[PDB]
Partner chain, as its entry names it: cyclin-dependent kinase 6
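The data below hold one chain only, encoded as structure tokens and taken in the form deposited without its partner chain.
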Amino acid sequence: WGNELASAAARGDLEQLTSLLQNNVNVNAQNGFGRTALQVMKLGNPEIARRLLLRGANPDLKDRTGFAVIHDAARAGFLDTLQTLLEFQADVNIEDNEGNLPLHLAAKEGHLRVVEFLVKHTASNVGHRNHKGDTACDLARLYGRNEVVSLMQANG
């Protein structure tokens, strides 16, 4: 179960995942390397996230390096999974090892729609400074994410 459930999620095989969920499984079980199905899930599959969360998957878990799935979703620009994570109470203000929130990571990578959603429809602390004293907008400015900067200062 735990291993196979993680495997199906990592591969993005919804059919196999749903087949596996018919069993009495602990969706928060850790695979061979200490990550759960939700943590290893191939992004771009919001339904897999939904099915894992509907079964009780903890979204706030962190990996080797203090990253929660929402950090990964924000950094890579996967709005759908970020939103489903949030509809299931995931913490928007979860910080990585350096004090960065999902907003810092989306801002840094120039994911305008993700930043817009976080700034406008979430509890994201827009003024949160990471450990080096940088806010998400500071990182957007540093990485040349002009549209993100403009958007951030237009509403926050």
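Residue numbers count along the first chain shown, from 1.
FYI, the form solved in complex with its partner chain isn't displayed, but the following is about it.
- Out of the listed residues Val92, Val40, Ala29, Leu112, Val40 is the one that sits within 4.5 Å of its partner chain in the entry with it bound by at least one heavy atom.
- Shown here without its partner, the chain carries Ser7, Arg35 and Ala76, all of which come within 4.5 Å of its partner chain in the entry with it bound through at least one heavy atom.
- Looking at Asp63, you'd find a heavy atom of it within 4.5 angstroms of its partner chain in the entry with it bound.
- The closest non-hydrogen atom of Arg11 lies within 4.5 Å of its partner chain in the entry with it bound.
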